[PDB]
Amino acid sequence: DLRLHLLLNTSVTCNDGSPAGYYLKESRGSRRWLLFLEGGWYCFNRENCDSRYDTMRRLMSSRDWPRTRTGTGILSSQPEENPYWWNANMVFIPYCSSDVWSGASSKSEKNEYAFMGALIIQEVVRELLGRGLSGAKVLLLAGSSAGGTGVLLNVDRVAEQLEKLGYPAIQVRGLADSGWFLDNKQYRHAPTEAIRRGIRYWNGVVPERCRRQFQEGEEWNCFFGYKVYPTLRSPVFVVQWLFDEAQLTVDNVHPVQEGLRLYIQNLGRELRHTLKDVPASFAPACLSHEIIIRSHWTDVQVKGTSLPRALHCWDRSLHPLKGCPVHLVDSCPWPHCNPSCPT
Ligand SMILES: CCCCC(=O)N(Cc1ccc(-c2ccccc2-c2nn[nH]n2)cc1)[C@H](C(=O)O)C(C)C
Ligand SMILES: *[C@@H]1O[C@H](CO)[C@@H](O)[C@H](O)[C@H]1NC(C)=O
């Protein structure tokens, strides 16, 4: 089990002002550290956040968090469940800031809620250095859904923080699962508008090079993987279903006739196109919401290679390899044309 630690700097808070924190299981024989960002949507104004506080309070507050959690999938310590990194130091960071991990704003006389996701990540890293992170050779920042977008927004800032603090030997890398979205046209008739409003409500921050390209008022562009990815310096592995259920939901897709058939086929082709220049990627032709912390994450394969294998090949590449591929994108055009898709 992973054990809860509330942050020692109690001014780094969840939405309601309670302390943020992390769950930790140390592995003293290992120099690998996996830090995983939870997902779970976001909220973007007072009324929308008030609703979330009524029925999704664990995503806004630490007051009711349990003392332990079990690691599953890529967070499992059992070799049979996690062929990739079963011996690593494991960290699960709960998502309690409702800001896609981008905020840097405290509760105040003018602010009902605090949005501190970007500061939570920095403070977890700083407190872990005294618990063994100072001896790491690799820090993998991973996450699913809003946490996967959070990886894209924060991996280079973690790298720069460790450099400025005096730890140049730690190699920082990212793993973004189910956080790679398209700002496309809906099938029936606003996510880009909600993100734009959220950034202003949260005092949200984006990576520096991407901010300088798009400039003031246009920082919402940096929440879209295909636009922010080319600006990043740290190595990033991208995992994305070609027919992701969250993408189809915001596109208003729920005996399929010609117009919808063409829409779905075009969505898969567009997603595949955005990954052409992403050398480390895993993108199966499936309709799914399933994520990399699920216990059966080993079962899906693209071109005969599982995700745990592809991640191992990626590690080797950062020391093309014969029989050890890292770029795995399905080419078949309809959900479940890959026989290994989750049932
Ligand atoms: C063009 C941007 C696409 C990304 C996007 O709009 N997002 C928010 C969201 C919220 C709620 C739902 C949702 C609503 C009702 C019912 C089911 C779902 C759902 N959620 N997952 N599957 N279905 C979908 C997306 C991302 C996410 O959090 O996914 C963030 C990171 C920007
Ligand atoms: C605690 O966190 C706050 C908010 O990020 C920061 O301003 C402050 O300097 C921190 N205090 C210490 C002692 O690290």
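The preceding data block contains the structure.
Residues numbered from 1 in each chain as written, not as in the entry; some residues may be left out. Chains lettered and ligands numbered in written order. Heavy atoms only, no water.

**Things to note about the pattern of salt bridges**
Using the criterion set out here, one finds 12 salt bridges in the structure. A salt bridge links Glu123 to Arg126; the nearest nitrogen and oxygen atoms lie 2.8 Å apart. Of this pair, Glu123 and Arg126 both sit in helix α2 (residues 117-129), 3 residues apart, which is roughly one turn of the helix. We classify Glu123 as buried; its relative accessible area is 8%. One salt bridge in this structure joins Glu160 and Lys164, with 3.4 Å as the shortest N-O distance. Placement of the pair is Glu160 and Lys164 together in helix α3 (residues 146-165), with a separation of 4 residues, close to one helical turn. Given the relative accessible area of 68%, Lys164 is considered exposed. (Salt bridge = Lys/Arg side-chain N within 4 Å of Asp/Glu carboxyl O. Helix = DSSP H or I, 4+ residues; strand = E, 2+ residues; numbered from the N terminus. Buried < 20%, exposed > 50% of the residue type's maximum accessible area, 1.4 Å probe, protein only.)

**Quick word on the pairing of strand β7 (residues 171-177)**
The side chains of a regular strand alternate, first on one face of the sheet and then on the other. In terms of residue burial, β7 counts as a mostly covered element, since 6 of its 7 residues are buried. As paired elements, strand β6 (residues 138-144) and β7 share 7 bridges and run parallel to each other. Across the sheet, residue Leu139 finds its bridge partner in β7, namely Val172. With 4 bridges connecting them, β7 and strand β8 (residues 236-239) associate as parallel partners. Across the sheet, the residue bridging to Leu175 is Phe237, located in β8. (Pairing = 2+ DSSP bridges.)

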